[PDB]
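# Descriptive structure summary
Here are the chains, one letter per residue:
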Amino acid sequence: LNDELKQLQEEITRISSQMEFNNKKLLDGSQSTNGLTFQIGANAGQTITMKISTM
Amino acid sequence: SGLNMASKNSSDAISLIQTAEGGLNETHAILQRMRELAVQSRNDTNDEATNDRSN
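Residues numbered from 1 in each chain as written, not as in the entry; some residues may be left out. Chains lettered and ligands numbered in written order. Part of a larger assembly, values for the part shown. Heavy atoms only, no water.

### Quick look at the overall build of chain B
- Scanning chain B from terminus to terminus reveals 1 helix and 0 strands.
- A globule of 55 residues ought to have a C-alpha radius of gyration of about 10 Å, yet chain B, at 22 Å, is considerably larger.
- Dimensions of chain B along its principal axes, counting C-alpha atoms only, are 70 × 15 × 5 Å.
- Buried positions account for 7% of the 55 residues belonging to chain B.
- Accessible surface computed for chain B: about 4700 Å², of which carbon and sulfur atoms make up 55%.
- Each charge class in chain B can be summarised by its mean position, and for the 5 positive and 8 negative side chains these summaries are 4 Å apart. (Helix = DSSP H or I, 4+ residues; strand = E, 2+ residues; numbered from the N terminus. Rg over C-alpha atoms; globule rule 2.2 N^0.38 Å. Buried < 20%, exposed > 50% of the residue type's maximum accessible area, 1.4 Å probe, protein only. Areas by Shrake-Rupley, 256 points an atom, 1.4 Å probe, with all protein chains shown as cover. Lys, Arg positive; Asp, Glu negative; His and termini not counted. Charge placed at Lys NZ, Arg CZ, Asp CG, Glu CD.)

Pasting the structure below:
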């Protein structure tokens with residue numbers, strides 16, 4: 001059962017640090033420092049910031 | 001004679017002004033395109049690493 005558990009722990013880490021969108025690691029802590037900013041408006045400042053924690 | 005020549009000169013000036021306005025129409029157009037490009041570049045989907053914004 002510990003063999004099984006260790007393999008599942010390697011998988012939970014693998015999903016974290018092998019997930020990407022357009023060559024952008026998401027679930028590692030890259031965005032937990034500053035965050036991803038989406039421009040959802042025509043003018044300047046019409047943005048939303050987002051953050052994702054290390055998982 | 002002076003009035004007829006002045007009419008001719010006024011028409012020449014109109015031609016000049018039309019040239020300048022036609023020049024500035026394309027300035028308007030490419031400025032619109034540049035604004036569109038900036039609004040697209042502004043989003044965080046784009047990566048500096050894989051040369052998304054440099055294009």
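Next comes the rest of the write-up.
### Regarding the interface of chain B and chain A
- With 11 residues of chain B at the interface, the matching set in chain A holds 12 residues.
- Taken together, the two surfaces of chain B and chain A that pack against each other cover about 940 Å², and 39% of this comes from carbon and sulfur.
- There are 1 salt bridge connecting chain B and chain A.
- Here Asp47(B) and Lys24(A) are joined by a salt bridge, their closest N and O atoms 3.5 Å apart.
- Counting the contacts that link chain B with chain A gives 5 residue pairs in polar contact. (Contact = heavy atoms within 4.5 Å. Buried area = accessible area lost by both parts, 1.4 Å probe. Salt bridge = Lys/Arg side-chain N within 4 Å of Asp/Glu carboxyl O. Polar contact = N/O pair within 3.5 Å; in protein donor to acceptor, adjacent residues only side chain to side chain.)

### So, the side chain of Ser16(A)
- Looking at the secondary structure, you find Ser16(A) in helix α1 (residues 2–16).
- Not counting the four nearest positions on each side in its chain, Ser16(A) is found in contact with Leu27(A), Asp28(A) and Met55(A).

### Structural notes on a nonpolar patch on the surface
- There is a patch of nonpolar side chains on the surface, built from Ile30(B), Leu31(B) and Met34(B) and spanning about 290 Å² of accessible area.
- As for its placement among the helices and strands, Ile30(B) is situated in helix α1 (residues 2–41). (Patch = residues over 30% accessible without salt bridge, like charges linked within 9 Å, V, L, I, M, F, W, Y side chains within 5 Å.)

### Some details on the side chain of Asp47(B)
- Relative to the helices and strands, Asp47(B) resides in the segment after α1.
- Looking at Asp47(B), its side chain comes within polar contact range of the side chain of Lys24(A), at 3.5 Å.
- When residues no more than four places from it in sequence are discounted, the contact partners of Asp47(B) are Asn22(A), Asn23(A), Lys24(A), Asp52(B) and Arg53(B).

### A few points about unusual backbone geometry
- One non-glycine residue, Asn22(A), lies in the positive phi region at around 65°.
- For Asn22(A), the position within the fold is in the loop between α1 and β1 (36–39).
- In the Ramachandran plot, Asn51(B) falls in the positive-phi region, its phi being about 65° despite a non-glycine side chain.

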